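Peer 1: Provided herewith: input05.cif, mmCIF, N, CA and C atoms.
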```cif
data_my_file
loop_
_atom_site.group_PDB
_atom_site.id
_atom_site.type_symbol
_atom_site.label_atom_id
_atom_site.label_comp_id
_atom_site.auth_asym_id
_atom_site.auth_seq_id
_atom_site.Cartn_x
_atom_site.Cartn_y
_atom_site.Cartn_z
ATOM 1 N N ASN R 130 130.261 55.274 160.608
ATOM 2 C CA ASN R 130 131.173 55.145 159.435
ATOM 3 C C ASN R 130 132.182 56.295 159.421
ATOM 4 N N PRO R 131 133.322 56.042 160.002
ATOM 5 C CA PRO R 131 134.393 57.068 160.062
ATOM 6 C C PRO R 131 135.039 57.247 158.686
ATOM 7 N N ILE R 132 135.418 56.170 158.052
ATOM 8 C CA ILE R 132 136.054 56.280 156.708
ATOM 9 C C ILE R 132 135.126 57.024 155.744
ATOM 10 N N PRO R 133 135.720 57.600 154.736
ATOM 11 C CA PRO R 133 134.943 58.357 153.723
ATOM 12 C C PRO R 133 134.161 57.395 152.824
ATOM 13 N N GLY R 134 133.618 57.888 151.743
ATOM 14 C CA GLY R 134 132.843 57.003 150.828
ATOM 15 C C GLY R 134 133.498 56.998 149.446
ATOM 16 N N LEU R 135 133.125 56.071 148.606
ATOM 17 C CA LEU R 135 133.726 56.015 147.242
ATOM 18 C C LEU R 135 133.067 57.054 146.331
ATOM 19 N N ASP R 136 133.510 57.148 145.107
ATOM 20 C CA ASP R 136 132.909 58.139 144.169
ATOM 21 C C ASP R 136 133.034 57.646 142.726
ATOM 22 N N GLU R 137 132.709 56.407 142.482
ATOM 23 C CA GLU R 137 132.810 55.867 141.095
ATOM 24 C C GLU R 137 131.422 55.786 140.456
ATOM 25 N N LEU R 138 130.526 56.648 140.848
ATOM 26 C CA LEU R 138 129.155 56.617 140.261
ATOM 27 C C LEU R 138 129.068 57.579 139.073
ATOM 28 N N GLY R 139 128.425 57.171 138.014
ATOM 29 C CA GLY R 139 128.304 58.062 136.824
ATOM 30 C C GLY R 139 126.829 58.233 136.460
ATOM 31 N N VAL R 140 126.490 59.314 135.814
ATOM 32 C CA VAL R 140 125.066 59.539 135.432
ATOM 33 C C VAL R 140 124.167 59.458 136.669
ATOM 34 N N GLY R 141 123.769 60.581 137.199
ATOM 35 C CA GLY R 141 122.892 60.566 138.404
ATOM 36 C C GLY R 141 121.526 61.154 138.051
ATOM 37 N N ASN R 142 121.505 62.317 137.458
ATOM 38 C CA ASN R 142 120.203 62.942 137.088
ATOM 39 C C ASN R 142 119.266 62.967 138.297
ATOM 40 N N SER R 143 118.017 63.283 138.087
ATOM 41 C CA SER R 143 117.056 63.326 139.225
ATOM 42 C C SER R 143 115.913 62.335 138.989
ATOM 43 N N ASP R 144 115.699 61.431 139.905
ATOM 44 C CA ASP R 144 114.600 60.438 139.731
ATOM 45 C C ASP R 144 114.808 59.641 138.441
ATOM 46 N N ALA R 145 113.815 58.908 138.018
ATOM 47 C CA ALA R 145 113.956 58.109 136.767
ATOM 48 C C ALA R 145 115.306 57.384 136.752
ATOM 49 N N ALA R 146 115.377 56.233 137.364
ATOM 50 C CA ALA R 146 116.665 55.481 137.385
ATOM 51 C C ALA R 146 116.497 54.129 136.685
ATOM 52 N N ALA R 147 115.308 53.822 136.244
ATOM 53 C CA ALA R 147 115.082 52.520 135.553
ATOM 54 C C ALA R 147 113.713 52.516 134.867
ATOM 55 N N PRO R 148 113.635 51.790 133.787
ATOM 56 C CA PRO R 148 112.366 51.696 133.022
ATOM 57 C C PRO R 148 111.349 50.833 133.775
ATOM 58 N N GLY R 149 110.676 51.399 134.738
ATOM 59 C CA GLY R 149 109.670 50.611 135.508
ATOM 60 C C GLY R 149 109.505 51.218 136.903
ATOM 61 N N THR R 150 108.293 51.489 137.303
ATOM 62 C CA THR R 150 108.070 52.083 138.653
ATOM 63 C C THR R 150 106.803 51.502 139.290
ATOM 64 N N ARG R 151 106.188 50.543 138.652
ATOM 65 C CA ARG R 151 104.948 49.938 139.221
ATOM 66 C C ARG R 151 103.876 51.013 139.424
ATOM 67 N N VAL R 152 102.655 50.727 139.059
ATOM 68 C CA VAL R 152 101.570 51.739 139.233
ATOM 69 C C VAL R 152 101.323 52.006 140.724
ATOM 70 N N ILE R 153 102.341 52.393 141.444
ATOM 71 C CA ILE R 153 102.166 52.675 142.898
ATOM 72 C C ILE R 153 103.293 53.579 143.399
ATOM 73 N N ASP R 154 104.482 53.383 142.902
ATOM 74 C CA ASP R 154 105.622 54.235 143.341
ATOM 75 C C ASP R 154 105.505 55.622 142.706
ATOM 76 N N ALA R 155 104.698 55.745 141.689
ATOM 77 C CA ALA R 155 104.529 57.067 141.023
ATOM 78 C C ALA R 155 103.412 57.859 141.706
ATOM 79 N N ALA R 156 102.550 57.187 142.419
ATOM 80 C CA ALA R 156 101.437 57.897 143.111
ATOM 81 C C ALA R 156 101.985 58.733 144.270
ATOM 82 N N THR R 157 101.697 60.006 144.287
ATOM 83 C CA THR R 157 102.201 60.869 145.387
ATOM 84 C C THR R 157 101.037 61.566 146.092
ATOM 85 N N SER R 158 101.301 62.231 147.187
ATOM 86 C CA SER R 158 100.205 62.936 147.913
ATOM 87 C C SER R 158 99.243 63.564 146.904
ATOM 88 N N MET R 159 99.767 64.112 145.843
ATOM 89 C CA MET R 159 98.895 64.729 144.811
ATOM 90 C C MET R 159 98.804 63.801 143.596
ATOM 91 N N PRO R 160 97.663 63.814 142.967
ATOM 92 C CA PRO R 160 97.443 62.957 141.778
ATOM 93 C C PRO R 160 98.248 63.476 140.584
ATOM 94 N N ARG R 161 99.515 63.160 140.522
ATOM 95 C CA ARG R 161 100.342 63.643 139.375
ATOM 96 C C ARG R 161 99.815 63.046 138.065
ATOM 97 N N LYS R 162 100.693 62.571 137.225
ATOM 98 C CA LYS R 162 100.249 61.971 135.937
ATOM 99 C C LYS R 162 101.292 60.966 135.442
ATOM 100 N N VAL R 163 100.994 59.698 135.520
ATOM 101 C CA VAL R 163 101.979 58.677 135.060
ATOM 102 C C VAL R 163 101.363 57.768 133.993
ATOM 103 N N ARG R 164 101.811 56.551 133.924
ATOM 104 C CA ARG R 164 101.268 55.625 132.900
ATOM 105 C C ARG R 164 101.959 54.263 133.011
ATOM 106 N N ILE R 165 101.315 53.220 132.567
ATOM 107 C CA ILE R 165 101.945 51.868 132.652
ATOM 108 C C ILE R 165 102.594 51.513 131.313
ATOM 109 N N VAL R 166 103.701 50.820 131.337
ATOM 110 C CA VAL R 166 104.372 50.451 130.058
ATOM 111 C C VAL R 166 104.544 48.932 129.962
ATOM 112 N N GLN R 167 103.981 48.201 130.883
ATOM 113 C CA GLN R 167 104.116 46.717 130.837
ATOM 114 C C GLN R 167 103.314 46.072 131.971
ATOM 115 N N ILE R 168 102.291 45.334 131.638
ATOM 116 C CA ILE R 168 101.471 44.675 132.696
ATOM 117 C C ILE R 168 101.815 43.185 132.771
ATOM 118 N N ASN R 169 102.964 42.808 132.282
ATOM 119 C CA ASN R 169 103.360 41.371 132.323
ATOM 120 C C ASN R 169 103.052 40.774 133.698
ATOM 121 N N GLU R 170 103.195 39.484 133.842
ATOM 122 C CA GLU R 170 102.911 38.843 135.157
ATOM 123 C C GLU R 170 103.455 37.413 135.178
ATOM 124 N N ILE R 171 104.666 37.235 135.634
ATOM 125 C CA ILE R 171 105.253 35.866 135.679
ATOM 126 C C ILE R 171 104.806 35.138 136.950
ATOM 127 N N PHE R 172 103.815 35.653 137.626
ATOM 128 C CA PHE R 172 103.337 34.988 138.871
ATOM 129 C C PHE R 172 102.799 33.590 138.551
ATOM 130 N N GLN R 173 103.151 32.613 139.341
ATOM 131 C CA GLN R 173 102.660 31.229 139.080
ATOM 132 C C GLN R 173 101.131 31.193 139.118
ATOM 133 N N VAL R 174 100.520 32.157 139.752
ATOM 134 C CA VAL R 174 99.031 32.178 139.824
ATOM 135 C C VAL R 174 98.558 33.397 140.621
ATOM 136 N N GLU R 175 98.331 34.498 139.959
ATOM 137 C CA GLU R 175 97.867 35.718 140.680
ATOM 138 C C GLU R 175 96.866 36.494 139.821
ATOM 139 N N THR R 176 95.605 36.422 140.152
ATOM 140 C CA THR R 176 94.581 37.154 139.355
ATOM 141 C C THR R 176 93.557 37.808 140.286
ATOM 142 N N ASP R 177 92.579 37.061 140.720
ATOM 143 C CA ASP R 177 91.545 37.633 141.632
ATOM 144 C C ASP R 177 90.642 38.609 140.872
ATOM 145 N N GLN R 178 89.978 39.483 141.576
ATOM 146 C CA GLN R 178 89.078 40.461 140.901
ATOM 147 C C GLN R 178 89.865 41.318 139.905
ATOM 148 N N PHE R 179 91.162 41.372 140.044
ATOM 149 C CA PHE R 179 91.976 42.194 139.103
ATOM 150 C C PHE R 179 91.661 41.806 137.655
ATOM 151 N N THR R 180 91.415 40.549 137.405
ATOM 152 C CA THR R 180 91.102 40.119 136.013
ATOM 153 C C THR R 180 90.187 41.146 135.344
ATOM 154 N N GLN R 181 89.401 41.842 136.119
ATOM 155 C CA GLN R 181 88.491 42.867 135.532
ATOM 156 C C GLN R 181 89.315 43.971 134.866
ATOM 157 N N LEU R 182 90.378 44.384 135.496
ATOM 158 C CA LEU R 182 91.230 45.452 134.900
ATOM 159 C C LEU R 182 91.729 45.009 133.527
ATOM 160 N N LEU R 183 92.211 43.803 133.435
ATOM 161 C CA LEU R 183 92.718 43.299 132.126
ATOM 162 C C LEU R 183 91.561 43.144 131.136
ATOM 163 N N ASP R 184 90.399 42.809 131.621
ATOM 164 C CA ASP R 184 89.229 42.642 130.710
ATOM 165 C C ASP R 184 88.585 43.999 130.420
ATOM 166 N N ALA R 185 89.127 45.053 130.969
ATOM 167 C CA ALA R 185 88.544 46.403 130.726
ATOM 168 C C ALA R 185 89.033 46.956 129.384
ATOM 169 N N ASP R 186 89.706 46.151 128.609
ATOM 170 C CA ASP R 186 90.209 46.631 127.288
ATOM 171 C C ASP R 186 91.158 47.817 127.485
ATOM 172 N N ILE R 187 92.118 47.682 128.357
ATOM 173 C CA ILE R 187 93.076 48.801 128.594
ATOM 174 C C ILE R 187 94.498 48.259 128.732
ATOM 175 N N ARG R 188 94.787 47.626 129.835
ATOM 176 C CA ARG R 188 96.156 47.073 130.049
ATOM 177 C C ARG R 188 97.141 48.213 130.312
ATOM 178 N N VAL R 189 98.244 47.928 130.954
ATOM 179 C CA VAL R 189 99.237 48.991 131.242
ATOM 180 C C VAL R 189 98.545 50.325 131.482
ATOM 181 N N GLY R 190 97.403 50.297 132.112
ATOM 182 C CA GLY R 190 96.650 51.556 132.398
ATOM 183 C C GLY R 190 96.977 52.620 131.346
ATOM 184 N N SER R 191 97.489 52.216 130.213
ATOM 185 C CA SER R 191 97.843 53.207 129.159
ATOM 186 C C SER R 191 98.430 54.465 129.805
ATOM 187 N N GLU R 192 98.145 55.610 129.245
ATOM 188 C CA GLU R 192 98.663 56.883 129.821
ATOM 189 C C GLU R 192 97.647 57.430 130.824
ATOM 190 N N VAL R 193 97.990 57.457 132.083
ATOM 191 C CA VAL R 193 97.027 57.962 133.104
ATOM 192 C C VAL R 193 97.777 58.380 134.366
ATOM 193 N N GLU R 194 97.254 58.045 135.508
ATOM 194 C CA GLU R 194 97.943 58.417 136.772
ATOM 195 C C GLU R 194 97.274 57.721 137.962
ATOM 196 N N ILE R 195 97.901 57.736 139.106
ATOM 197 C CA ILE R 195 97.294 57.068 140.294
ATOM 198 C C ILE R 195 97.174 58.055 141.458
ATOM 199 N N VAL R 196 96.544 57.648 142.527
ATOM 200 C CA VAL R 196 96.393 58.558 143.698
ATOM 201 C C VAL R 196 96.455 57.753 145.000
ATOM 202 N N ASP R 197 97.636 57.510 145.501
ATOM 203 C CA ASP R 197 97.766 56.731 146.765
ATOM 204 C C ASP R 197 96.684 57.149 147.764
ATOM 205 N N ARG R 198 96.034 56.200 148.379
ATOM 206 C CA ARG R 198 94.970 56.540 149.363
ATOM 207 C C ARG R 198 95.278 55.896 150.718
ATOM 208 N N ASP R 199 96.321 56.334 151.369
ATOM 209 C CA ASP R 199 96.676 55.744 152.693
ATOM 210 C C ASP R 199 96.481 54.226 152.664
ATOM 211 N N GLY R 200 97.437 53.506 152.144
ATOM 212 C CA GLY R 200 97.305 52.026 152.086
ATOM 213 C C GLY R 200 96.597 51.628 150.790
ATOM 214 N N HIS R 201 95.626 52.394 150.374
ATOM 215 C CA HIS R 201 94.899 52.061 149.118
ATOM 216 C C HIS R 201 95.512 52.818 147.937
ATOM 217 N N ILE R 202 95.202 52.414 146.736
ATOM 218 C CA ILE R 202 95.770 53.114 145.547
ATOM 219 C C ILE R 202 94.754 53.120 144.401
ATOM 220 N N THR R 203 94.334 54.280 143.976
ATOM 221 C CA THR R 203 93.350 54.354 142.859
ATOM 222 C C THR R 203 94.053 54.790 141.571
ATOM 223 N N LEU R 204 93.429 54.585 140.443
ATOM 224 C CA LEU R 204 94.066 54.989 139.158
ATOM 225 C C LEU R 204 93.191 56.014 138.434
ATOM 226 N N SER R 205 93.795 57.024 137.870
ATOM 227 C CA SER R 205 93.002 58.056 137.145
ATOM 228 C C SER R 205 93.436 58.114 135.680
ATOM 229 N N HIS R 206 92.545 57.807 134.777
ATOM 230 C CA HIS R 206 92.906 57.839 133.330
ATOM 231 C C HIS R 206 92.288 59.070 132.660
ATOM 232 N N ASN R 207 92.785 59.441 131.512
ATOM 233 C CA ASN R 207 92.231 60.634 130.808
ATOM 234 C C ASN R 207 90.742 60.436 130.508
ATOM 235 N N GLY R 208 89.902 60.595 131.493
ATOM 236 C CA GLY R 208 88.439 60.423 131.258
ATOM 237 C C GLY R 208 87.981 59.067 131.799
ATOM 238 N N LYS R 209 88.689 58.523 132.753
ATOM 239 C CA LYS R 209 88.282 57.202 133.313
ATOM 240 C C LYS R 209 89.164 56.834 134.510
ATOM 241 N N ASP R 210 88.566 56.563 135.637
ATOM 242 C CA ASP R 210 89.365 56.195 136.840
ATOM 243 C C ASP R 210 88.969 54.800 137.331
ATOM 244 N N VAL R 211 89.879 54.094 137.942
ATOM 245 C CA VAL R 211 89.550 52.727 138.441
ATOM 246 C C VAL R 211 90.146 52.514 139.835
ATOM 247 N N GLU R 212 89.713 51.496 140.528
ATOM 248 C CA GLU R 212 90.255 51.237 141.892
ATOM 249 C C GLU R 212 90.961 49.878 141.933
ATOM 250 N N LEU R 213 92.230 49.849 141.630
ATOM 251 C CA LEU R 213 92.973 48.559 141.650
ATOM 252 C C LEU R 213 93.292 48.154 143.092
ATOM 253 N N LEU R 214 94.255 47.293 143.277
ATOM 254 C CA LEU R 214 94.615 46.860 144.658
ATOM 255 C C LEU R 214 96.126 46.983 144.875
ATOM 256 N N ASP R 215 96.533 47.559 145.973
ATOM 257 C CA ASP R 215 97.992 47.709 146.240
ATOM 258 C C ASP R 215 98.699 46.360 146.085
ATOM 259 N N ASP R 216 97.979 45.281 146.231
ATOM 260 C CA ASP R 216 98.612 43.938 146.094
ATOM 261 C C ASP R 216 99.176 43.760 144.681
ATOM 262 N N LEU R 217 98.362 43.951 143.678
ATOM 263 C CA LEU R 217 98.851 43.792 142.279
ATOM 264 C C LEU R 217 99.400 45.122 141.752
ATOM 265 N N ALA R 218 99.034 46.211 142.370
ATOM 266 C CA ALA R 218 99.536 47.534 141.903
ATOM 267 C C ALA R 218 101.066 47.520 141.820
ATOM 268 N N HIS R 219 101.696 46.586 142.478
ATOM 269 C CA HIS R 219 103.185 46.517 142.433
ATOM 270 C C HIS R 219 103.633 45.388 141.500
ATOM 271 N N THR R 220 103.103 45.347 140.309
ATOM 272 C CA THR R 220 103.498 44.273 139.353
ATOM 273 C C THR R 220 103.783 44.871 137.975
ATOM 274 N N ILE R 221 102.801 45.476 137.376
ATOM 275 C CA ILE R 221 103.000 46.084 136.032
ATOM 276 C C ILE R 221 104.081 47.168 136.092
ATOM 277 N N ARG R 222 104.855 47.306 135.051
ATOM 278 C CA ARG R 222 105.918 48.352 135.049
ATOM 279 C C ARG R 222 105.353 49.657 134.486
ATOM 280 N N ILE R 223 105.304 50.691 135.282
ATOM 281 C CA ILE R 223 104.749 51.982 134.782
ATOM 282 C C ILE R 223 105.762 53.115 134.972
ATOM 283 N N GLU R 224 105.495 54.258 134.402
ATOM 284 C CA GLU R 224 106.437 55.403 134.549
ATOM 285 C C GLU R 224 105.669 56.727 134.490
ATOM 286 N N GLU R 225 106.365 57.823 134.381
ATOM 287 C CA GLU R 225 105.673 59.143 134.320
ATOM 288 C C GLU R 225 105.366 59.512 132.866
ATOM 289 N N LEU R 226 104.301 60.234 132.640
ATOM 290 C CA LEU R 226 103.948 60.626 131.247
ATOM 291 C C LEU R 226 104.872 61.748 130.763
#
```
Starting from the coordinates I provided, produce the structure as structure tokens.
Peer 2:
Amino acid sequence: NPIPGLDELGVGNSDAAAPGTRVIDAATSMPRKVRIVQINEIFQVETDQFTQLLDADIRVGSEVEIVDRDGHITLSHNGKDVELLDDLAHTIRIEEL
């Protein structure tokens, strides 16, 4: 790309570019601290053992955090951790606490 680039972008800030990060994009090498803000699911049919997470009386993992595990992804809540699945981990909209 020899030509230069445009510059009509406004508001950049650092990270946080949209209300939603899925309980997986927030998980980093270290167990930071995030939270889910929407566990909606317009999937024509997607549940599996995950139904347990929804039946755990929690939803949107409330305020907690995750810990990517090389392909796997676990969730850590204030006094409670769970092991979801990277498959559905990319559905609910979550963010940082």
Peer 1: Could you tell me, as a PyMOL selection string, exactly which residues end up selected when the PyMOL selection byres ((chain R and resi 146-151) around 6) is applied to this structure?
Peer 2: chain R and resi 144-145+152-155+218-224
Peer 1: What would the selection look like, as a compact mmCIF listing (two decimals) with N, CA and C atoms, in the coordinates of the input, if the PyMOL selection byres ((chain R and resi 191) around 8) were run on the coordinates I just shared?
Peer 2:
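Final file, out_29.txt:
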```
# COMPACT_ATOMS: atom_id res chain seq x y z
N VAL R 163 100.99 59.70 135.52
CA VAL R 163 101.98 58.68 135.06
C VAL R 163 101.36 57.77 133.99
N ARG R 164 101.81 56.55 133.92
CA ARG R 164 101.27 55.62 132.90
C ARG R 164 101.96 54.26 133.01
N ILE R 165 101.32 53.22 132.57
CA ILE R 165 101.94 51.87 132.65
C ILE R 165 102.59 51.51 131.31
N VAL R 166 103.70 50.82 131.34
CA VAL R 166 104.37 50.45 130.06
C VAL R 166 104.54 48.93 129.96
N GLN R 167 103.98 48.20 130.88
CA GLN R 167 104.12 46.72 130.84
C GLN R 167 103.31 46.07 131.97
N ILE R 187 92.12 47.68 128.36
CA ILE R 187 93.08 48.80 128.59
C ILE R 187 94.50 48.26 128.73
N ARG R 188 94.79 47.63 129.84
CA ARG R 188 96.16 47.07 130.05
C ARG R 188 97.14 48.21 130.31
N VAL R 189 98.24 47.93 130.95
CA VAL R 189 99.24 48.99 131.24
C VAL R 189 98.54 50.32 131.48
N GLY R 190 97.40 50.30 132.11
CA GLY R 190 96.65 51.56 132.40
C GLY R 190 96.98 52.62 131.35
N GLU R 192 98.14 55.61 129.24
CA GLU R 192 98.66 56.88 129.82
C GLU R 192 97.65 57.43 130.82
N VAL R 193 97.99 57.46 132.08
CA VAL R 193 97.03 57.96 133.10
C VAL R 193 97.78 58.38 134.37
N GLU R 194 97.25 58.04 135.51
CA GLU R 194 97.94 58.42 136.77
C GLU R 194 97.27 57.72 137.96
N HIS R 206 92.54 57.81 134.78
CA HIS R 206 92.91 57.84 133.33
C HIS R 206 92.29 59.07 132.66
N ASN R 207 92.78 59.44 131.51
CA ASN R 207 92.23 60.63 130.81
C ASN R 207 90.74 60.44 130.51
```
Peer 1: Could you please give me, as a PDB file with N, CA and C atoms, keeping the file's coordinate frame, the residues of protein, DNA or RNA lying at most 8 Å from (101.5, 58.8, 146.5) in the coordinate frame of the file, considering only N, CA and C atoms?
Peer 2:
```pdb
ATOM      1  N   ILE R 153     102.341  52.393 141.444  1.00  0.00           N
ATOM      2  CA  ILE R 153     102.166  52.675 142.898  1.00  0.00           C
ATOM      3  C   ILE R 153     103.293  53.579 143.399  1.00  0.00           C
ATOM      4  N   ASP R 154     104.482  53.383 142.902  1.00  0.00           N
ATOM      5  CA  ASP R 154     105.622  54.235 143.341  1.00  0.00           C
ATOM      6  C   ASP R 154     105.505  55.622 142.706  1.00  0.00           C
ATOM      7  N   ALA R 155     104.698  55.745 141.689  1.00  0.00           N
ATOM      8  CA  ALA R 155     104.529  57.067 141.023  1.00  0.00           C
ATOM      9  C   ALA R 155     103.412  57.859 141.706  1.00  0.00           C
ATOM     10  N   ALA R 156     102.550  57.187 142.419  1.00  0.00           N
ATOM     11  CA  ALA R 156     101.437  57.897 143.111  1.00  0.00           C
ATOM     12  C   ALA R 156     101.985  58.733 144.270  1.00  0.00           C
ATOM     13  N   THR R 157     101.697  60.006 144.287  1.00  0.00           N
ATOM     14  CA  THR R 157     102.201  60.869 145.387  1.00  0.00           C
ATOM     15  C   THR R 157     101.037  61.566 146.092  1.00  0.00           C
ATOM     16  N   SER R 158     101.301  62.231 147.187  1.00  0.00           N
ATOM     17  CA  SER R 158     100.205  62.936 147.913  1.00  0.00           C
ATOM     18  C   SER R 158      99.243  63.564 146.904  1.00  0.00           C
ATOM     19  N   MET R 159      99.767  64.112 145.843  1.00  0.00           N
ATOM     20  CA  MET R 159      98.895  64.729 144.811  1.00  0.00           C
ATOM     21  C   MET R 159      98.804  63.801 143.596  1.00  0.00           C
ATOM     22  N   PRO R 160      97.663  63.814 142.967  1.00  0.00           N
ATOM     23  CA  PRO R 160      97.443  62.957 141.778  1.00  0.00           C
ATOM     24  C   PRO R 160      98.248  63.476 140.584  1.00  0.00           C
ATOM     25  N   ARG R 161      99.515  63.160 140.522  1.00  0.00           N
ATOM     26  CA  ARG R 161     100.342  63.643 139.375  1.00  0.00           C
ATOM     27  C   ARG R 161      99.815  63.046 138.065  1.00  0.00           C
ATOM     28  N   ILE R 195      97.901  57.736 139.106  1.00  0.00           N
ATOM     29  CA  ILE R 195      97.294  57.068 140.294  1.00  0.00           C
ATOM     30  C   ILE R 195      97.174  58.055 141.458  1.00  0.00           C
ATOM     31  N   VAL R 196      96.544  57.648 142.527  1.00  0.00           N
ATOM     32  CA  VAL R 196      96.393  58.558 143.698  1.00  0.00           C
ATOM     33  C   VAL R 196      96.455  57.753 145.000  1.00  0.00           C
ATOM     34  N   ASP R 197      97.636  57.510 145.501  1.00  0.00           N
ATOM     35  CA  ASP R 197      97.766  56.731 146.765  1.00  0.00           C
ATOM     36  C   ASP R 197      96.684  57.149 147.764  1.00  0.00           C
ATOM     37  N   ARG R 198      96.034  56.200 148.379  1.00  0.00           N
ATOM     38  CA  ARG R 198      94.970  56.540 149.363  1.00  0.00           C
ATOM     39  C   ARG R 198      95.278  55.896 150.718  1.00  0.00           C
ATOM     40  N   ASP R 199      96.321  56.334 151.369  1.00  0.00           N
ATOM     41  CA  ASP R 199      96.676  55.744 152.693  1.00  0.00           C
ATOM     42  C   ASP R 199      96.481  54.226 152.664  1.00  0.00           C
TER      43      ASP R 199
END
```
Peer 1: Can you turn the PyMOL selection byres (((chain R and resi 179 and name CA) around 12) and name CA) into a concrete residue list for this file, as a PyMOL selection string?
Peer 2: chain R and resi 168+175-178+180-185+188+211-218+220
Peer 1: Report, in Å to a single decimal, how far apart atom CA of residue 205 of chain R and atom CA of residue 226 of chain R are.
Peer 2: 12.7 Å
Peer 1: Got a sec to tell me which of chain R DSSP assigns to helix (DSSP H, G or I), as number ranges by chain?
Peer 2: R: 151-154, 177-184, 215-218
Peer 1: Kindly save the residues from that selection, with N, CA and C atoms included, as a PDB file, keeping the file's coordinate frame.
Peer 2:
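Dumped everything to part.pdb:
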```pdb
ATOM      1  N   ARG R 151     106.188  50.543 138.652  1.00  0.00           N
ATOM      2  CA  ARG R 151     104.948  49.938 139.221  1.00  0.00           C
ATOM      3  C   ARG R 151     103.876  51.013 139.424  1.00  0.00           C
ATOM      4  N   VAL R 152     102.655  50.727 139.059  1.00  0.00           N
ATOM      5  CA  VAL R 152     101.570  51.739 139.233  1.00  0.00           C
ATOM      6  C   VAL R 152     101.323  52.006 140.724  1.00  0.00           C
ATOM      7  N   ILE R 153     102.341  52.393 141.444  1.00  0.00           N
ATOM      8  CA  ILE R 153     102.166  52.675 142.898  1.00  0.00           C
ATOM      9  C   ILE R 153     103.293  53.579 143.399  1.00  0.00           C
ATOM     10  N   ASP R 154     104.482  53.383 142.902  1.00  0.00           N
ATOM     11  CA  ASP R 154     105.622  54.235 143.341  1.00  0.00           C
ATOM     12  C   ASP R 154     105.505  55.622 142.706  1.00  0.00           C
ATOM     13  N   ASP R 177      92.579  37.061 140.720  1.00  0.00           N
ATOM     14  CA  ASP R 177      91.545  37.633 141.632  1.00  0.00           C
ATOM     15  C   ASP R 177      90.642  38.609 140.872  1.00  0.00           C
ATOM     16  N   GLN R 178      89.978  39.483 141.576  1.00  0.00           N
ATOM     17  CA  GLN R 178      89.078  40.461 140.901  1.00  0.00           C
ATOM     18  C   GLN R 178      89.865  41.318 139.905  1.00  0.00           C
ATOM     19  N   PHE R 179      91.162  41.372 140.044  1.00  0.00           N
ATOM     20  CA  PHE R 179      91.976  42.194 139.103  1.00  0.00           C
ATOM     21  C   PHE R 179      91.661  41.806 137.655  1.00  0.00           C
ATOM     22  N   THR R 180      91.415  40.549 137.405  1.00  0.00           N
ATOM     23  CA  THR R 180      91.102  40.119 136.013  1.00  0.00           C
ATOM     24  C   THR R 180      90.187  41.146 135.344  1.00  0.00           C
ATOM     25  N   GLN R 181      89.401  41.842 136.119  1.00  0.00           N
ATOM     26  CA  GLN R 181      88.491  42.867 135.532  1.00  0.00           C
ATOM     27  C   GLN R 181      89.315  43.971 134.866  1.00  0.00           C
ATOM     28  N   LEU R 182      90.378  44.384 135.496  1.00  0.00           N
ATOM     29  CA  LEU R 182      91.230  45.452 134.900  1.00  0.00           C
ATOM     30  C   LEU R 182      91.729  45.009 133.527  1.00  0.00           C
ATOM     31  N   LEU R 183      92.211  43.803 133.435  1.00  0.00           N
ATOM     32  CA  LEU R 183      92.718  43.299 132.126  1.00  0.00           C
ATOM     33  C   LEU R 183      91.561  43.144 131.136  1.00  0.00           C
ATOM     34  N   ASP R 184      90.399  42.809 131.621  1.00  0.00           N
ATOM     35  CA  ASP R 184      89.229  42.642 130.710  1.00  0.00           C
ATOM     36  C   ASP R 184      88.585  43.999 130.420  1.00  0.00           C
ATOM     37  N   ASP R 215      96.533  47.559 145.973  1.00  0.00           N
ATOM     38  CA  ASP R 215      97.992  47.709 146.240  1.00  0.00           C
ATOM     39  C   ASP R 215      98.699  46.360 146.085  1.00  0.00           C
ATOM     40  N   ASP R 216      97.979  45.281 146.231  1.00  0.00           N
ATOM     41  CA  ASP R 216      98.612  43.938 146.094  1.00  0.00           C
ATOM     42  C   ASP R 216      99.176  43.760 144.681  1.00  0.00           C
ATOM     43  N   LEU R 217      98.362  43.951 143.678  1.00  0.00           N
ATOM     44  CA  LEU R 217      98.851  43.792 142.279  1.00  0.00           C
ATOM     45  C   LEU R 217      99.400  45.122 141.752  1.00  0.00           C
ATOM     46  N   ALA R 218      99.034  46.211 142.370  1.00  0.00           N
ATOM     47  CA  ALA R 218      99.536  47.534 141.903  1.00  0.00           C
ATOM     48  C   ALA R 218     101.066  47.520 141.820  1.00  0.00           C
TER      49      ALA R 218
END
```
Peer 1: How many Å separate atom C of residue 210 of chain R from atom N of residue 170 of chain R?
Peer 2: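 Atom-to-atom, atom C of residue 210 of chain R and atom N of residue 170 of chain R are spaced 21.2 Å apart.
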Peer 1: Would you compute the distance between atom CA of residue 143 of chain R and atom N of residue 162 of chain R? Give it in Å to one decimal.
Peer 2: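 Spanning atom CA of residue 143 of chain R to atom N of residue 162 of chain R is a straight-line distance of 16.5 Å.
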Peer 1: In chain R, what's strand (DSSP E) per DSSP? Answer as a list in words?
Peer 2: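 Matching residues, listed in order: residues 163, 164, 165, 166, 167, 192, 193, 194, 195, 196, 197, 198, 201, 202, 203, 204, 205, 206, 209, 210, 211, 222, 223, 224 and 225 of chain R.
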